[PDB]
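Engineer: Sharing a structure, written as structure tokens. Questions coming.
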RNA sequence: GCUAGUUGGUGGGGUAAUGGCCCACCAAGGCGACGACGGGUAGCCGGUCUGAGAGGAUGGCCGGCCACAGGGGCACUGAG
RNA sequence: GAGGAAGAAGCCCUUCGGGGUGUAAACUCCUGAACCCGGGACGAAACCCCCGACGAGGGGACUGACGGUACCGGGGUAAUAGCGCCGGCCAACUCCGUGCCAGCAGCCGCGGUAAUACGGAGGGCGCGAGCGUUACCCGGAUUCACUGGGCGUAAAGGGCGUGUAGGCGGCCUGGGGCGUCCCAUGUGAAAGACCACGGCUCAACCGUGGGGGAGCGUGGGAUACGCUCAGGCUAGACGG
RNA sequence: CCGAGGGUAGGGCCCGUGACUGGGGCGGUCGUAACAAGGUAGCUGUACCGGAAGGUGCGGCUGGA
Ligand code: SF4
Ligand SMILES: [Mg+2]
Ligand SMILES: [Mg+2]
Ligand SMILES: [Mg+2]
Ligand SMILES: [Mg+2]
Ligand SMILES: [Mg+2]
Ligand SMILES: [Mg+2]
Ligand SMILES: [Mg+2]
Ligand SMILES: [Mg+2]
Ligand SMILES: [Mg+2]
Ligand SMILES: [Mg+2]
Ligand SMILES: [Mg+2]
Ligand SMILES: [Mg+2]
Ligand SMILES: [Mg+2]
Ligand SMILES: [Mg+2]
Ligand SMILES: [Mg+2]
Ligand SMILES: [Mg+2]
Ligand SMILES: [Mg+2]
Ligand SMILES: [Mg+2]
Ligand SMILES: [Mg+2]
Ligand SMILES: [Mg+2]
Ligand SMILES: [Mg+2]
Ligand SMILES: [Mg+2]
Ligand SMILES: [Mg+2]
Ligand SMILES: [Mg+2]
Ligand SMILES: [Mg+2]
Ligand SMILES: [Mg+2]
Ligand SMILES: [Mg+2]
Ligand SMILES: [Mg+2]
Ligand SMILES: [Mg+2]
Ligand SMILES: [Mg+2]
Ligand SMILES: [Mg+2]
Ligand SMILES: [Mg+2]
Ligand SMILES: [Mg+2]
Ligand SMILES: [Mg+2]
Ligand SMILES: [Mg+2]
Ligand SMILES: [Mg+2]
Ligand SMILES: [Mg+2]
Ligand SMILES: [Mg+2]
Ligand SMILES: [Mg+2]
Ligand SMILES: [Mg+2]
Ligand SMILES: [Mg+2]
Ligand SMILES: [Mg+2]
Ligand SMILES: [Mg+2]
Ligand SMILES: [Mg+2]
Ligand SMILES: [Mg+2]
Ligand SMILES: [Mg+2]
Ligand SMILES: [Mg+2]
Ligand SMILES: [Mg+2]
Ligand SMILES: [Mg+2]
Ligand SMILES: [Mg+2]
Ligand SMILES: [Mg+2]
Ligand SMILES: [Mg+2]
Ligand SMILES: [Mg+2]
Ligand SMILES: [Mg+2]
Ligand SMILES: [Mg+2]
Ligand SMILES: [Mg+2]
Ligand SMILES: [Mg+2]
Ligand SMILES: [Mg+2]
Ligand SMILES: [Mg+2]
Ligand SMILES: [Mg+2]
Ligand SMILES: [Mg+2]
Ligand SMILES: [Mg+2]
Ligand SMILES: [Mg+2]
Ligand SMILES: [Mg+2]
Ligand SMILES: [Mg+2]
Ligand SMILES: [Mg+2]
Ligand SMILES: [Mg+2]
Ligand SMILES: [Mg+2]
Ligand SMILES: [Mg+2]
Ligand SMILES: [Mg+2]
Ligand SMILES: [Mg+2]
Ligand SMILES: [Mg+2]
Ligand SMILES: [Mg+2]
Ligand SMILES: [Mg+2]
Ligand SMILES: [Mg+2]
Ligand SMILES: [Mg+2]
Ligand SMILES: [Mg+2]
Ligand SMILES: [Mg+2]
């Protein structure tokens, strides 16, 4: 099976007569380190549920990510509205030179060597959703040729 | 019209994103020469020298992927990305060693030269350089 | 603090004689030093860092207050008598708890006289002096 | 901006403003103490902090902070100062370096003595 | 006049010359006209002298005079052999 | 080589000397874009034969006066008073860039 | 100079027996056996979830503490690596291992690198029959790591040479025993060596 | 907005040598939003530091050019 | 340096059972920085003297500040550790003292009787002949944005035109080849930086070789895009 | 003749300083202008007036009804 890492736990708060009433939310990345990843963000009235829920949604939503000696094929830039992830491919000696949100979503997909950067809003939650949709936008000399 | 090229790539861009089977772009020899590349490179099906109200156009035949599964059945694109590099505002000119390398191989830079309208692979082997006309992937 | 001893001089009636050494139980004047003041022990470099017996006695007998007139040049005096205090270690600057005036204190009339007269006719000082103010009470 | 506008009008380089003009560029500066008092700091705070007005060899007269528990400072104290805003105190933007000139270090200090100019206990 | 002499390099107690052609009125170790080979007076490696004898002749011809120990390592590897 | 350059005569109101305005083009070292710039050369006409409009080549020559260091080499084109206006209309325009 | 203090505590913090003590490390009397929690007042306190910086910090001190070396020298070796051709992490362990004092330990001349370093600093070792006392001598492929033959008649080389007649120096080394020599034949492969060290976590550290 | 040795010319002095370098005369020019004039600050470069790079910042030690020898002016001797 | 307890004393913690400093110490033993003796340099082979011919080659002699130093050889004592931090950023936690006081402070902010945030202690984390601090440069700053930003409401469309310079400019054919691309060649000093080897025991330092690029000069070549010049067009624009 | 510079005289720029005064920032006294239709929708350019916030005239805006 898969490996889990909680990436972001956070208490929110909502208002109601006499009291602010909370609810927690957790963003979790899940991956095999050999090629699949996934991410889901879930919110229960208690921390540990919402973590598990984040997991539930984690596996309910996964990603190809066509590794290549542990790096990615092409360099890729995606914007998830104001937040902006950039991935660059790195030679077999480097390492994962990423943030913390992109560190996880890249380590669990089994990226071993990468150059990256977080221009734009460096908000975790959108930097997350951004790193994913950029992964799931990777292609190969294959699928290019297949398409042409 | 200020940049006939940008116009065309944008005729072509705007076209595909709503999956127009074709789109026609007013014609020039230079214009054709780039299309002639798009085709040859798997980006478009190809093109023919049509005519609207007696006006010499080019009809570009667009090309996509399969219908897909899920709630967004729209195909992926064949030209995912196309944009002017050199420009009337700012000429870009690269010498051969200056020549860029689009999407780690998977894409191209079409670049005018004193030896035809080549691609990056093409000029790098031909040993020349010129005006970075655009980029496709 | 470490300190280079360049030259060593004996002072005679009429001339200054240079000499390459100064044995124990003798007096002379050493050229070179920079930080050394009076009543400060001095040892060769690789030796026991002993401090000679100090000295110590009389506390000042006469006290005189000095008013820095006006007023951005009080501190012409502030740096003046810090140069003084390592030059004469027998006067004593102090500032009054209440009233806040500056109180030079001395070994006698005469002692305060020249110290004061210097402070002006050698440091310009915009200042006058006299009887210290009294800290009263209700 | 168009590429022309940049050709014409360039891009304006950012310039920074010293937060220790008084030092005249030096690491530290020497000075004498004109006033030594306590001051009160702004909300949300509430102490009596020990300050010194100090006239520098640069020309400037600045007010400085006296770090630590207790000091030996008063009028005419010769003193050495370093860059260092104290956040709560209007107009304080340098510190007196204890253990220099007439700045006594702190009696009984045990930790971080490097920073209160106390020598090492035996 | 234009000269052939030893232009010191290396470091302290590590002499490492560079017999050289340069105008007499330069610093010893200043802009020379041409490097015509090194010299390691300490003899620390098999090559403690390699005068470009092809070049070192051209100079001597057109003027260049030399140190009384420039020639020493110029004779030593014979620019003078008849 | 003695630098040769090509430009229009904009002043002949001197005596055995003509002003030759010279354009050059080059790319902006930061912003790529090609840009024009120019320079007026006082040029030696020993036989006074050059006039307004006359696009000519002038050549790097030895000094003849303070600021004359080129002599005209060869008449290359003629009557380009459009370029002459292109430079008067700029000059003239200056009278309204004051306060 | 070197770490020099209480050394079990290194291992107890690091949650991994680093074999620093040498002769004692395999005894039930080592510390890691009796208490394998971190040193000091707070070890039996239920440990807390470690940050990524931590994780790479701990991983780094781990590698570093193993070769028992100054963070100065460590980093400078490491820098040499990055700039050197190909795979940084590997070439790191390479140069980390191509250093003398640790060789002597790999060749069991001495019990631990500490003991090894002493031996090396004392002139009791020689590379190539030239006497060499600098524990940072990067040994290069082809070198003869002698014992000083005037150091030969010495209770401690013997003892350790004696327990080294037919054990296996790794794939890159060649202990001609009896005659006290040995050889540095190959800079290691990554696979050549297992240490409790993620070669990559350390690169990701110095990337901050 | 600037400019009377100012910009050009004829003749001459000066110099190792071109030149408004200096001088007499003739002409009315020369320069400026591509930033003249003016004010500020600064010796420049090889390089150095930082930076993914582009770029930013810097110019002590060493090597190259320049400028200066308390502040000014001046010429003499000399290949200089 | 090796061995050295289910683990001394003191100190810190404690639910009072125990936990921690800690194999750390003591202790056994092995090595042997400094020191002590003995020897002891490379840097210096030319200038000059001798045969020859004052030349080519040969041969002989004098000369060492550092220096009795480096290094070698023999003997040879367990032999300085300190500084920053331990609320979050950020690696490291408890007890007392204190009580918006005394103080901390780079930003958030911490102190009002139970403070992991002040002060001391024990413990811990990081560095180690150093550790910290202030000043400043570049970085994070994609926050002057060329690479690589923006303007309906966040800072940001000129109150609206008309037009000067300027910037930009439709489709076809041809000449030039200014930009642009290519090859050659000169220049691009030395040190530096980079790759290789090599000298000092290592390294710092240093030596030898290699690889050069931008940039500019000179000659040859290309013509697609831009430029200029020359003809034609009518889809822009103006006109009837 | 030119000429360091000295001197007479009139100008331009900069910097420091000055009785007093103008507002600006930081750490009790009067009212209640704004935020809810904020108790007269708010804001607006201008204008006159008023201890003060502000009020009022004229026009505009909706970012009001
Ligand atoms: S003995 Fe056990 S505790 Fe001490 S070092 Fe060797 S491994 Fe760690
Ligand atoms: Mg969702
Ligand atoms: Mg956006
Ligand atoms: Mg943020
Ligand atoms: Mg935020
Ligand atoms: Mg795929
Ligand atoms: Mg004093
Ligand atoms: Mg309070
Ligand atoms: Mg408070
Ligand atoms: Mg005092
Ligand atoms: Mg001599
Ligand atoms: Mg003339
Ligand atoms: Mg021995
Ligand atoms: Mg780094
Ligand atoms: Mg960095
Ligand atoms: Mg005249
Ligand atoms: Mg003449
Ligand atoms: Mg003449
Ligand atoms: Mg003149
Ligand atoms: Mg003349
Ligand atoms: Mg006249
Ligand atoms: Mg110009
Ligand atoms: Mg000035
Ligand atoms: Mg200056
Ligand atoms: Mg950047
Ligand atoms: Mg220099
Ligand atoms: Mg002068
Ligand atoms: Mg002078
Ligand atoms: Mg002087
Ligand atoms: Mg003089
Ligand atoms: Mg027990
Ligand atoms: Mg105990
Ligand atoms: Mg106990
Ligand atoms: Mg021990
Ligand atoms: Mg012994
Ligand atoms: Mg010798
Ligand atoms: Mg003879
Ligand atoms: Mg001796
Ligand atoms: Mg010895
Ligand atoms: Mg001991
Ligand atoms: Mg620290
Ligand atoms: Mg840190
Ligand atoms: Mg922490
Ligand atoms: Mg208790
Ligand atoms: Mg108290
Ligand atoms: Mg503290
Ligand atoms: Mg407490
Ligand atoms: Mg509390
Ligand atoms: Mg505390
Ligand atoms: Mg803290
Ligand atoms: Mg900064
Ligand atoms: Mg930047
Ligand atoms: Mg800024
Ligand atoms: Mg931009
Ligand atoms: Mg922005
Ligand atoms: Mg607004
Ligand atoms: Mg408008
Ligand atoms: Mg207006
Ligand atoms: Mg126009
Ligand atoms: Mg055109
Ligand atoms: Mg045009
Ligand atoms: Mg050309
Ligand atoms: Mg060079
Ligand atoms: Mg070596
Ligand atoms: Mg070299
Ligand atoms: Mg035409
Ligand atoms: Mg005069
Ligand atoms: Mg005068
Ligand atoms: Mg005079
Ligand atoms: Mg004034
Ligand atoms: Mg109201
Ligand atoms: Mg109202
Ligand atoms: Mg109202
Ligand atoms: Mg309202
Ligand atoms: Mg109104
Ligand atoms: Mg009233
Ligand atoms: Mg009213
Ligand atoms: Mg109204
Ligand atoms: Mg509203």
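Engineer: In segment G:151-208, what residues are within 16 Å of RNA strand H (Cβ to nearest atom) and either more than 14 Å from chain A (Cβ to nearest Cβ) or in contact (Cβ under 8 Å) with a residue 40 or more places away in the chain (or both)? Step through it out loud before you land on a result.
Structural biologist: First pass over segment G:151-208, keeping only residues within 16 Å of RNA strand H (Cβ to nearest atom): G:203-208.
Selection gives G:203, G:204, G:205, G:206, G:208.
Engineer: Looking at (1) within 30 Å of residue C:83 (Cα to Cα); (2) buried (at least 17 other Cβ atoms within 10 Å of the Cβ), which is the only condition residue D:69 fails?
Structural biologist: (2)
Engineer: Sort out which residues of segment D:49-95 are without any contact (Cβ under 8 Å) to a residue 24 or more places away in the chain, more than 13 Å from every other protein chain (Cβ to nearest Cβ) and not in a loop (DSSP other than H, G, I, E, B), and write them in order of number.
Structural biologist: D:50
Engineer: Just to confirm my filter: which strands (runs of 3 or more DSSP E) fall fully inside segment E:2-82 and include at least 3 residues that are away from ligand 8 (no atom under 16 Å from the Cβ) and within 12 Å of the chain's Cα centre (by Cα)? Please lay out each step first, then the result.
Structural biologist: Working: elements: E:2-5, E:9-11, E:14-16, E:20-23.
It comes to E:2-5, E:20-23.
Okay, residues lined up against (1) away from chain D (no Cβ under 14 Å); (2) within 27 Å of residue D:101 (Cα to Cα); (3) in contact with a strand residue (DSSP E or B) (Cβ under 9 Å, 6 or more places away or on another chain):
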{"position": "C:16", "(1), (2), (3)": "yes, no, yes"}
{"position": "C:27", "(1), (2), (3)": "yes, no, yes"}
{"position": "C:41", "(1), (2), (3)": "yes, yes, no"}
{"position": "C:44", "(1), (2), (3)": "yes, yes, no"}
{"position": "C:52", "(1), (2), (3)": "yes, yes, no"}
{"position": "C:56", "(1), (2), (3)": "yes, yes, no"}
{"position": "C:66", "(1), (2), (3)": "no, yes, yes"}
{"position": "C:76", "(1), (2), (3)": "no, yes, no"}
{"position": "C:80", "(1), (2), (3)": "no, yes, no"}
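Engineer: Could you tell me whether any residue of segment G:194-203 is surrounded by fewer than 18 Cβ atoms within 10 Å (Cβ to Cβ), away from ligand 14 (no atom under 16 Å from the Cβ) and not in a loop (DSSP other than H, G, I, E, B)? First the steps, then the outcome.
Structural biologist: Applying the first criterion (surrounded by fewer than 18 Cβ atoms within 10 Å (Cβ to Cβ)) to segment G:194-203 yields G:194-196, G:198.
From what's left, away from ligand 14 (no atom under 16 Å from the Cβ): G:194-196, G:198.
Going one step further and asking which of them are not in a loop (DSSP other than H, G, I, E, B), we end up with none.
There is no residue in segment G:194-203 that is surrounded by fewer than 18 Cβ atoms within 10 Å (Cβ to Cβ), away from ligand 14 (no atom under 16 Å from the Cβ) and not in a loop (DSSP other than H, G, I, E, B).
Engineer: Related question: Kindly indicate whether residue D:13 is under 22 Å from residue D:89 (Cβ atoms) and either assigned to a loop (DSSP other than H, G, I, E, B) or within 13 Å of chain C (Cβ to nearest Cβ) (or both). Walk me through how you get there before you give the answer.
Structural biologist: Details: under 22 Å from residue D:89 (Cβ atoms): no; either assigned to a loop (DSSP other than H, G, I, E, B) or within 13 Å of chain C (Cβ to nearest Cβ) (or both): yes.
The answer is no for residue D:13.
Engineer: Also, I was wondering about something else. When you go through F:5, F:52, F:21, F:42 one by one, which is the residue that is touching a strand residue (DSSP E or B) at 6+ places or on another chain (Cβ under 8 Å), in contact (Cβ under 8 Å) with a residue 60 or more places away in the chain, within 12 Å of RNA strand H (Cβ to nearest atom) and more than 14 Å from chain B (Cβ to nearest Cβ)? Before you say what the answer is, go through the steps one by one.
Structural biologist: Details: F:5 fails: within 12 Å of RNA strand H (Cβ to nearest atom); F:52 fails: in contact (Cβ under 8 Å) with a residue 60 or more places away in the chain; F:42 fails: in contact (Cβ under 8 Å) with a residue 60 or more places away in the chain.
Just one listed residue meets the conditions, F:21.
Engineer: Just need a number here: residues in segment A:95-111 that are within 7 Å of chain G (Cβ to nearest Cβ) and either in contact (Cβ under 8 Å) with a residue 12 or more places away in the chain or surrounded by 24 or more Cβ atoms within 10 Å (Cβ to Cβ) (or both). Break it down stepwise before answering.
Structural biologist: Pass one, segment A:95-111, residues within 7 Å of chain G (Cβ to nearest Cβ): A:95-97, A:100, A:103.
Imposing the further condition that a residue be either in contact (Cβ under 8 Å) with a residue 12 or more places away in the chain or surrounded by 24 or more Cβ atoms within 10 Å (Cβ to Cβ) (or both) reduces the set to A:95-97, A:100.
Adding up the residues that qualify gives 4.
Engineer: For segment D:24-48: of the residues being farther than 21 Å from residue D:88 by Cα and away from every other protein chain (no Cβ under 14 Å), which is nearest to ligand 14 (Cβ to nearest atom)? Walk me through it before giving the result.
Structural biologist: So in segment D:24-48, the residues farther than 21 Å from residue D:88 by Cα come out as D:24-34.
Still in the list and also away from every other protein chain (no Cβ under 14 Å): D:24-28.
Values: D:24: 34, D:25: 29, D:26: 31, D:27: 26, D:28: 30 Å.
Among those residues, the one meeting the criterion is D:27.
Engineer: Can we say residue G:14 is within 14 Å of another protein chain (Cβ to nearest Cβ), within 30 Å of residue G:203 (Cα to Cα) and either under 18 Å from the mean Cα position of the chain (by Cα) or within 16 Å of ligand 12 (Cβ to nearest atom) (or both)?
Structural biologist: Spelling it out, it is not the case that residue G:14 is within 14 Å of another protein chain (Cβ to nearest Cβ), within 30 Å of residue G:203 (Cα to Cα) and either under 18 Å from the mean Cα position of the chain (by Cα) or within 16 Å of ligand 12 (Cβ to nearest atom) (or both).
Engineer: Return the residue satisfying two criteria in turn: it lies in segment A:6-29 and is touching a helix residue (DSSP H, G or I) at 6+ places or on another chain (Cβ under 9 Å) and farther than 13 Å from residue A:48 by Cα, and of such residues it is surrounded by the most Cβ atoms within 10 Å (Cβ to Cβ).
Structural biologist: A:29
Engineer: Which number in (1) within 14 Å of chain A (Cβ to nearest Cβ); (2) free of Cβ contacts under 8 Å to residues at least 40 places away in the same chain marks the one condition that residue B:96 misses?
Structural biologist: (1) is the only condition that residue B:96 fails.
Engineer: If you check residue D:32 against the conditions, is it part of a helix (DSSP H, G or I), surrounded by 10 or more Cβ atoms within 10 Å (Cβ to Cβ) and touching a strand residue (DSSP E or B) at 6+ places or on another chain (Cβ under 7 Å)? Spell out how you get there, then give the answer.
Structural biologist: On the way: part of a helix (DSSP H, G or I): no; surrounded by 10 or more Cβ atoms within 10 Å (Cβ to Cβ): yes; touching a strand residue (DSSP E or B) at 6+ places or on another chain (Cβ under 7 Å): yes.
Criteria not met by residue D:32.
Engineer: Within segment D:35-48, track down each residue that is buried (at least 17 other Cβ atoms within 10 Å of the Cβ) and either under 21 Å from residue C:82 (Cβ atoms) or without any contact (Cβ under 8 Å) to a residue 12 or more places away in the chain (or both).
Structural biologist: Pass one, segment D:35-48, residues buried (at least 17 other Cβ atoms within 10 Å of the Cβ): D:36, D:39.
Scanning segment D:35-48 gives a single hit, D:36.
Engineer: Being more than 30 Å from residue A:96 (Cβ to Cβ), away from chain A (no Cβ under 14 Å) and buried (at least 20 other Cβ atoms within 10 Å of the Cβ): is that true of residue G:121 here? Let's see the steps before the verdict.
Structural biologist: Values: more than 30 Å from residue A:96 (Cβ to Cβ): yes; away from chain A (no Cβ under 14 Å): yes; buried (at least 20 other Cβ atoms within 10 Å of the Cβ): no.
Criteria not met by residue G:121.
Engineer: Continuing with the same structure: Can you pull out the residues in segment B:99-137 that are part of a loop (DSSP other than H, G, I, E, B), surrounded by fewer than 17 Cβ atoms within 10 Å (Cβ to Cβ) and within 14 Å of chain A (Cβ to nearest Cβ)?
Structural biologist: Our first condition is that a residue be part of a loop (DSSP other than H, G, I, E, B); within segment B:99-137, this holds for B:99-101, B:106-107, B:109-110, B:115, B:119, B:127-129, B:133, B:137.
Within this subset, residues satisfying the condition of being surrounded by fewer than 17 Cβ atoms within 10 Å (Cβ to Cβ) are B:100-101, B:115, B:127.
Selection gives B:100, B:101.
Engineer: From the residues in segment C:72-122 that are within 23 Å of residue D:55 (Cβ to Cβ) and in a strand (DSSP E or B), which one is nearest to ligand 12 (Cβ to nearest atom)? Walk me through it before giving the result.
Structural biologist: We begin by selecting, within segment C:72-122, every residue within 23 Å of residue D:55 (Cβ to Cβ); these are C:72-87, C:91-97, C:99-104, C:115-116, C:118-120, C:122.
From what is left, the residues that are in a strand (DSSP E or B) are C:92, C:95, C:102-104.
Values: C:92: 84, C:95: 80, C:102: 78, C:103: 83, C:104: 80 Å.
Within segment C:72-122, the match that is nearest to ligand 12 (Cβ to nearest atom) is C:102.
Engineer: Can you pull out every residue in segment F:58-68 that is under 24 Å from residue F:80 (Cα atoms) and surrounded by 16 or more Cβ atoms within 10 Å (Cβ to Cβ)?
Structural biologist: Applying the first criterion (under 24 Å from residue F:80 (Cα atoms)) to segment F:58-68 yields F:58-60, F:68.
Once the filter is applied, which keeps residues that are under 24 Å from residue F:80 (Cα atoms) and surrounded by 16 or more Cβ atoms within 10 Å (Cβ to Cβ), segment F:58-68 yields F:58, F:59, F:68.
Engineer: Can you name the residue in segment A:129-146 that is touching a strand residue (DSSP E or B) at 6+ places or on another chain (Cβ under 6 Å) and more than 14 Å from chain B (Cβ to nearest Cβ) and is also surrounded by the most Cβ atoms within 10 Å (Cβ to Cβ) among such residues?
Structural biologist: Result: A:131.
Residues checked against (1) assigned to a loop (DSSP other than H, G, I, E, B); (2) more than 12 Å from the chain's Cα centre (by Cα); (3) within 16 Å of ligand 22 (Cβ to nearest atom):
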residue: A:74; (1), (2), (3): yes, yes, no
residue: A:77; (1), (2), (3): no, yes, no
residue: A:86; (1), (2), (3): no, yes, no
residue: A:91; (1), (2), (3): yes, yes, no
residue: A:103; (1), (2), (3): no, no, no
residue: A:109; (1), (2), (3): yes, no, no
residue: A:128; (1), (2), (3): no, no, no
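Engineer: Determine which single condition residue C:111 fails, assuming it passes every other condition in (1) over 13 Å from the mean Cα position of the chain (by Cα); (2) surrounded by 16 or more Cβ atoms within 10 Å (Cβ to Cβ).
Structural biologist: Condition (1) is where residue C:111 drops out.
Engineer: When you check residue G:101 against the structure, is it surrounded by 20 or more Cβ atoms within 10 Å (Cβ to Cβ) and either near RNA strand I (Cβ under 9 Å from one of its atoms) or closer than 28 Å to residue G:71 by Cβ (or both), yes or no? Give the derivation first.
Structural biologist: Working: surrounded by 20 or more Cβ atoms within 10 Å (Cβ to Cβ): yes; either near RNA strand I (Cβ under 9 Å from one of its atoms) or closer than 28 Å to residue G:71 by Cβ (or both): yes.
When the stated conditions are applied, residue G:101 passes them.
Don't worry about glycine lacking a Cβ; one is built from the backbone with ideal geometry, like all the others, and counts go over all protein chains shown. Where a number appears in this text, it was derived from the coordinates with a stated rule and is not lab data.
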